[PDB]
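Below you'll find the structure, written out as structure tokens, and then a few comments.
Numbering (PDB author numbering), first residue to last: 1 to 84, 92 to 446, 460 to 674, 683 to 885, 903 to 962, 971 to 1149.
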């Protein structure tokens, strides 16, 4: 009746051991809730799991899940297994009781883990180290006289030593099985908290962009069932959701304890080096996902004081855990979790301090809501929080510097409030003094709710401690650089650790700190730069999207607040405009960042674009040759106000294309330390920059009042142009197109000779690259990126112009006699700006071949002739890059993964689009790629990057954060695998090749077949490839190479098992079809050994 049953979460043992019921482990549940995940969340298994009342109890009270053993659970453990070929019930029983004793969980929970391990042994086999023979195969597939070094470092890391026969002897041992049990347990712990975190993100974010987002029935079902939250109710009860925060805060003390010691109840020599890392990694991961949850809950009541009990609970925790700073940090797995952990710690602390509402409340400038109560109301609260934050500031714990900084402001404001009331009181004391010395009431001070705390620390008469905290944090504490890093971590770029939604709401705390510190700090280089970083969040031009972070409206607050918030807008945003273009970077950076981020919000985009087109002022260096073209308007003694008596032209010859500012326009000099003037001249920033751009080309044929724009201003200015063009493009409709068109002509509204901004950027591009033919300069190399990005953005609005220019674009046009300039200029080195340049080219090339597919359905500059040489050069360059990537040194492996995915993608699209455009315009390009890979003159060297992807994928860390990193490696793998399949097909299709490329894939089959046990998204592309391999071998005139032969007996048994386990867990139609395709081709292509293995 009342007692919620365990049976749905833990099926009867018999149905598990048989294979009927596959237990939904937390790992699978977690994967079903991953950032991409959508289809998996629909499946009946997961739907039932999330709708289970028993599961709901674990969600509210996480200590239940792996709760300590009791006689109540010992009893259930006997009952659970008194219901029942030997899978050895006694071995399973032995293990469950061993596990329960070693990590001190209850026998039922241990039994759950034991079965999970048992039902995933096939996966365990494949994730183990390769056999020695397998390594020999990879080595031979690589086979280079020099580039085997990069192959060697990869093989060394794949972990190598095994004779397959004894590997099974190891695997079956009692020791090895129980290490797997510990690892399965640690895996389940990580996944449990990851699941809870991801579940809340799923519930609290309606209208997410998943597949068929009427996942609302599931959302509503869980909300009402687990948290009593009825959205359709009059006033929804949130007390249960709220209760999650104090609950999960409690779990954090545990994570911190475990992070310091393994349970002294665990058998020795389970304690390998591998186990210690896994143990620590789990504790940290649990901490990170709990904190993510806590934040989501706090953010439910944002713009409002948290409950004081919540505020003090958190800071008491930070006190006992020393702000989560002392952690054992040896391995890399542990290392990449530190920044995310610290980011959440800072953000949560800031969220709870709520520096913005706190300062406003102290100035009696805010009215509390019904049940709102600030922690400031109590001196006792403040006393506890103070010593904690002060201790962090004294120890110089780096990650806590934002908290120290925010607190120093709060302290100062309390001190000011006290001094004000003290003077107000001492004034009355002196009025009554005066009236008394003519020819008895001892007037006291106005009472505050924080005074007795102030006195206890002497902060009422001595504010030096607060000043010093700010000094520590801005100085040696490097809080500005620190927040910039946390903003990348909490960003929306490829290095981001968290969901964009969470990150966007968290970065908000950092922005509030800068909003308030601007009162004490001016408009200085550091806070400004930091603010730009917090806004940027590590994004770039390629990340620009037509949609908001998970379609969330409030996720864009951090961006929209730059407009709507009086302090940020006046102190930062409008402040940057008031000094543009005299100071170019900040204003230009900010418009680029905001417009890129605000694409989905029309009212915000119009305000930013409108400002660029209708800009009220202009700030520049005063030309001393204008000392008679102005009269002082008056007051004070004015270095300030003046009025232009004559007209002044910003641009002079040595034409009606000039920038003149009519007389009467008012101005103001802005330094007295220099000669800078702010002119109230309304104008178009874009139109102006376009003309500045044009002047820079003519090399002294013009005069500029604005000066020659430098390399940095060249980079920033074009990127802004690119971004704004791109943004306006994505906002355009079929009822309102030509938005990008308008932006192009608005920027071309001031040029000469019937010339466009298009021509200016293209001429800039060509001129730059002859200047960049010197090749030593990064800033110029970066400017090349911007030109390419503009060209990319310009492609959708005027395709023909871009194609027409690419024909003469010196970067590629190998053309007449190998005039390939991008290759020479990029190859020289492969770091920093060079990578960005090469990426921009690749990305632009990819859009070009995309343009040919939609051209087969304004366009005037595109002819078959031109499209053929352009795409041929692209193919030529793509192959060159792809091949060279083997030896190159990229900034990071994530960066390499982007490069490889996009370069291989280009070549894949060339072969795939050749038939839908007689040879055909894409034919020579497609032929170039085909001939490049089929010729064994270099095929034995042109396979290495393919294998590198294979091994990179095989070594993707097991993490539930850094999902964007995992999506990217997955896209690199998938793209390479699918490219390999198209190669095999085309090779068979024209009967050439077969030979080496097919052979190399067989040599690589040992790695390929292990992929499906690394990630779900790997499964279908890997299997699909092996099927294409088997089908190709069946088309060879002799007897096809045995696939079972290469993989070995045991690996094959495990692989085939998984192809059946592929069908099972989520019931996806696609998974079933790939197993069917694989088995069908095995049975039809003379792989008898594999065929028989299929049935055993």
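All residues carry an ideal CB built from backbone N, CA and C; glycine is no exception.
In the DSSP assignment, find the unbroken beta strand (DSSP E) run with residue 663 in it and report its ends.
Here residue 663 is taken as the residue at index 643 of the chain shown, counted from 1. Unbroken beta strand (DSSP E) run through residue 663: 661-664.
Below 8 angstroms on the Cβ atoms is my contact criterion, and I expect residue 850 with residue 839 to pass it. Report the Cβ-Cβ distance as a whole number of Å.
For the purposes of this step, residue 850 is taken as the residue at position 822 of the chain shown. For the purposes of this step, residue 839 is taken as the residue at position 811 of the chain shown. Yes, they are in contact, since the Cβ atoms of residue 850 and residue 839 sit about 4 angstroms apart, within 8 angstroms.
Three or more beta-carbon pairs under 8 angstroms between the stretch 224-234 and the stretch 50-65, yes or no?
Enough Cβ pairs lie closer than 8 angstroms, so yes.
Three-state secondary structure (DSSP) at residue 656?
As a first step, residue 656 must be located in the chain shown, where it is residue number 636. Here residue 656 sits in coil by DSSP.
Give a yes or no on whether the C-beta atoms belonging to residue 1000 and residue 149 are separated by under 8 angstroms.
Along the chain shown, one-based indexing puts residue 1000 at 947. Along the chain shown, one-based indexing puts residue 149 at 142. Yes, the Cβ-Cβ distance between residue 1000 and residue 149 is below 8 angstroms.
By DSSP's criteria, residue 651 is part of a beta bridge. Which residues make up the other side?
Numbered from 1 along the chain shown, position 631 holds the residue referred to as residue 651. Paired residue(s): 663.
Using the Cα positions of residue 582 and residue 503, report the straight-line distance between them to the nearest angstrom.
As a first step, residue 582 is located in the chain shown; it is residue number 562 there, counting from the start. As a first step, residue 503 is located in the chain shown; it is residue number 483 there, counting from the start. Distance between the alpha carbons of residue 582 and residue 503: 18 angstroms.
Residue range of the unbroken alpha helix (DSSP H) whose run includes residue 573
Residue 573 sits at position 553 when you count from the first residue of the chain shown. Bounds of any alpha helix (DSSP H) do not take in residue 573, whose DSSP letter is neither H nor E.
Buried or exposed (CB count within 10 angstroms, at least 16 for buried), residue 540:
On the chain shown, position 520 is the one that residue 540 refers to. It counts as exposed.
Relative to the C-alpha of residue 1024, which candidate in 274, 1073, 863 has its C-alpha closest?
Position 971 of the chain shown, counting from 1, holds the residue named residue 1024. The residue with the shortest Cα to Cα distance from residue 1024 is 1073.
Give the secondary structure of residue 212 by DSSP, where H, G and I count as helix, E and B as strand, and everything else as coil.
By 1-based counting over the chain shown, the position of residue 212 is 205. Residue 212: coil per DSSP, three-state reduction.
Since residue 1125 is in the alpha helix (DSSP H), which residue starts that stretch and which ends it?
Numbered from 1 along the chain shown, position 1072 holds the residue referred to as residue 1125. 1122-1137 is the span of the alpha helix (DSSP H), which, as asked, contains residue 1125.
Just how far apart, CA to CA, sit residue 1044 and residue 936?
As a first step, residue 1044 is located in the chain shown; it is residue number 991 there, counting from the start. As a first step, residue 936 is located in the chain shown; it is residue number 891 there, counting from the start. Spanning the two alpha carbons is a distance of roughly 41 angstroms.
Would you be able to state if there are at least three C-beta pairs under 8 angstroms between the stretch 631-645 and the stretch 592-611?
yes
Quick check: residue 548 and residue 592, are their CB atoms within less than 8 angstroms of each other?
By 1-based counting over the chain shown, the position of residue 548 is 528. By 1-based counting over the chain shown, the position of residue 592 is 572. Yes.
Quick check on residue 1233: buried or exposed, where buried means 16 or more other Cβ atoms within 10 Å of its Cβ?
Lying outside 1 to 1149, the shown extent of the chain, residue 1233 is not represented and no answer is given.
Is the number of C-beta pairs between the stretch 376-386 and the stretch 315-324 that are closer than 8 angstroms three or more?
yes
Let me make sure I understand the geometry here. Which of 1016, 1134, 1041, 529 has the alpha-carbon closest to that of residue 37?
Here residue 37 corresponds to residue number 37 of the chain shown, with the count starting at 1. The residue with the shortest Cα to Cα distance from residue 37 is 1016.
To the nearest angstrom, report how far apart residue 60 and residue 255 are at their CA atoms.
Position 60 of the chain shown holds residue 60. Position 248 of the chain shown holds residue 255. Cα to Cα, the separation comes out at about 9 angstroms.
Inter-residue spacing [alpha-carbon to alpha-carbon] between residue 68 and residue 13
On the chain shown, position 68 is the one that residue 68 refers to. On the chain shown, position 13 is the one that residue 13 refers to. Approximately 21 angstroms, taken between the alpha carbons.
With a threshold of 16 other CB atoms inside 10 Å of the CB of residue 820, please say whether the residue is buried or exposed.
Here residue 820 refers to the residue found at position 792 of the chain shown. Flag for residue 820 reads buried.
Residues in the same chain with beta-carbon distance under 6 angstroms from residue 1085, minus the five sequence neighbours each way, listed in chain order, please.
Looking up residue 1085 in the chain shown gives position 1032. Contacts found: 1037, 1041, 1051.
Does residue 160 pass the burial test, meaning 16 or more other C-beta atoms within 10 Å, or should it be called exposed?
Position 153 of the chain shown, counted from the start, is the residue given in the question as residue 160. It is exposed - the Cβ of residue 160 has fewer than 16 other Cβ atoms within 10 Å.
Beta-carbon gap between residue 73 and residue 113 smaller than 8 angstroms:
Start at 1 with the first residue of the chain shown, and residue 73 comes out as number 73. Start at 1 with the first residue of the chain shown, and residue 113 comes out as number 106. A contact, by the Cβ cut-off of 8 angstroms.
Can you check which of these residues, 721, 755, 757, is closest to residue 740 by C-alpha distance?
Along the chain shown, one-based indexing puts residue 740 at 712. Considering only alpha carbons, the answer is 721.
Output needed for residue 710: all residues of its chain with C-beta closer than 6 angstroms, excluding positions within five of it in sequence on either side, in chain order.
Within the chain shown, residue 710 is the residue found at index 682, counting from 1. Contacts found: 636.
Would you tell me roughly how many angstroms separate the C-alpha atoms of residue 401 and residue 480, rounded to the nearest one?
Position 394 of the chain shown holds residue 401. Position 460 of the chain shown holds residue 480. Going from the Cα of residue 401 to the Cα of residue 480 covers about 20 angstroms.
For a quick check, are the C-beta atoms of residue 827 and residue 933 less than 8 angstroms apart?
Sequence index remark: in the chain shown, residue 827 carries index 799 (1-based). Sequence index remark: in the chain shown, residue 933 carries index 888 (1-based). It is not a contact, given that the beta carbons lie outside the stated cut-off.
Tell me the DSSP secondary structure of residue 9 in three-state form.
Here residue 9 corresponds to residue number 9 of the chain shown, with the count starting at 1. Residue state, collapsed to three classes: coil.
Segment limits, alpha helix (DSSP H) that includes residue 954
Residue 954 sits at position 909 when you count from the first residue of the chain shown. Unbroken alpha helix (DSSP H) run through residue 954: 938-957.
Can you list the alpha helix (DSSP H) stretches of 4 or more residues lying completely in the stretch 699-786, in chain order?
713-725, 739-759, 767-774
How is residue 568 classed by DSSP in three states: helix, strand or coil?
The residue labelled residue 568 in the question sits at position 548 within the chain shown. Looking at residue 568 - three-state DSSP - the assignment turns out to be coil, as it is neither helix nor strand.
Between the stretch 416-431 and the stretch 483-494, are three or more C-beta pairs nearer than 8 angstroms?
yes
Using only CA atoms, which one of 392, 506, 861, 412 lies nearest to residue 474?
The residue labelled residue 474 in the question sits at position 454 within the chain shown. Restricting attention to 392, 506, 861, 412, the CA atom closest to the CA of residue 474 is found in 392.
Thinking just about the alpha-carbon of each residue, which of 754, 334, 495, 306 is nearest to the one in residue 354?
If you number the chain shown from 1, residue 354 lands on position 347. Residue 306 is the option with its Cα nearest to residue 354.
Do you know offhand how far residue 146's Cα is from residue 1049's?
On the chain shown, position 139 is the one that residue 146 refers to. On the chain shown, position 996 is the one that residue 1049 refers to. C-alpha separation (whole angstroms): 14 angstroms.
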